[PDB]
Amino acid sequence: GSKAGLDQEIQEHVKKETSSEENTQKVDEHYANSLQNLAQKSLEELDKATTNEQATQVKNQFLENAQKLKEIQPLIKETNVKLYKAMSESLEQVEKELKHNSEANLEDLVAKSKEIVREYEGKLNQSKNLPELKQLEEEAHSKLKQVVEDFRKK
């Protein structure tokens with residue numbers, strides 16, 4: 001127990017490095033794929049050039065665009081991170097809102113149903129004969145059905 005925190009800290013340093021290098025590999029692979037696509041498009045433009053100057057310009061523009069592409073890779077990773085965080089936080093907010101609202105609706109319906117039951121139990125406890133009992137029981141069940149139906153159709 002006394003050494004658990006230190007073990008966790010050492011393992012966490014190692015995990016930080018391994019996660020850093022794995023994210024580096026992912027960024028490198030995406031960058032290499034984008035660079036291959038850029039190069040293929042520039043090579044197609046070059047094959048269709050009609051002038052040595054147009055061809056040299058295709059090459060120079062490829063080099064410029066390759067520099068631009070390399071410059072944005074860490075920003076690409078940071079943008080993906082921020083997008084995922086925003087999605088997760090919005091999902092959690094909406095989840096807690098839905099939980100609260102559904103619980104409130106259920107509590108209101110349960111309160112109304114228990115109130116119908118209490119009213120008619122109070123009436124039934126004062127019953128003097130069997131016909132009154134049957135009439136009150138039927139009215140109570142009809143009121144309960146009306147309440148639960150109105151809620152299902154709310």
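Atom set for the values below is all heavy atoms of this structure, side chains included, hydrogens, waters and symmetry mates excluded. Counting from 1, the numbers follow the sequence of the chain as shown.
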Nearest atoms (heavy-atom pairs only) where [X] meets [Y]:
X      : Y      : result
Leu35  : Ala66  : CD1-CB, 3.9 Å
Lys128 : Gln126 : NZ-O, 2.8 Å
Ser42  : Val58  : O-CG1, 3.3 Å
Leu136 : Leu124 : CB-CD2, 3.6 Å
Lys112 : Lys154 : CE-NZ, 4.0 Å

[Y]/[X] salt bridge by N-O under 4.0 Å criterion:
X      : Y      : answer
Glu138 : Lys134 : yes
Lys26  : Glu29  : no
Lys68  : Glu71  : no

With distance as the sole criterion, is a donor-acceptor pair present between the side chains of [X] and [Y] under 3.5 Å?
X     : Y     : value
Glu22 : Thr18 : no
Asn60 : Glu64 : no
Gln73 : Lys70 : no

With a 4.5 Å limit on heavy-atom distance, are the side chains of [X] and [Y] in contact?
X      : Y      : result
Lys82  : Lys85  : no
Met87  : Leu83  : no
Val27  : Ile76  : no
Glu21  : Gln25  : no
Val110 : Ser113 : no
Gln11  : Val14  : no
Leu133 : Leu130 : yes
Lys143 : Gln146 : yes

[atom1] of [X] to [atom2] of [Y]: how many Å apart, nearest 0.5 Å?
X      : Y      : atom1 : atom2 : result
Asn129 : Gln135 : CG    : CD    : 10.0 Å
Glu9   : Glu12  : CD    : CD    : 9.0 Å
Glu103 : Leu98  : CD    : CG    : 9.5 Å
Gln61  : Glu45  : CD    : CD    : 8.5 Å

[X] atom [atom1], over 12 foreign heavy atoms within 6.0 Å:
X     : atom1 : result
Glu53 : CD    : no
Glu97 : CD    : yes
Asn52 : CG    : no
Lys3  : NZ    : no

Ignoring hydrogens and angles, tell me if any N or O in the side chain of [X] forms a donor-acceptor pair with the backbone of [Y] under 3.5 Å.
X      : Y      : value
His141 : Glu137 : yes
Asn23  : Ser19  : yes
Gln54  : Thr50  : yes
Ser20  : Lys16  : no

#### Entry: Row check, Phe62 ring normal vs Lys59 NZ/CZ: under 6.0 Å, within 45°
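Not satisfied by the 6.0 Å and 45° rule.
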Side-chain heavy atoms nearer than 4.5 Å, only ILVMFWY residues, links allowed to pass through others: does that put [X] and [Y] together?
X      : Y      : value
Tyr84  : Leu91  : yes
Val117 : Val147 : yes
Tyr31  : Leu75  : no

### Task
Start with the C-alpha distance between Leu144 and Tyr120, add both sets of side-chain angles, then the distance that settles side-chain contact (heavy atoms from CB on, under 4.5 Å), and finish with yes or no.
CA-CA 10 Å; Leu144 283 181; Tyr120 281 96; over 6 Å; no
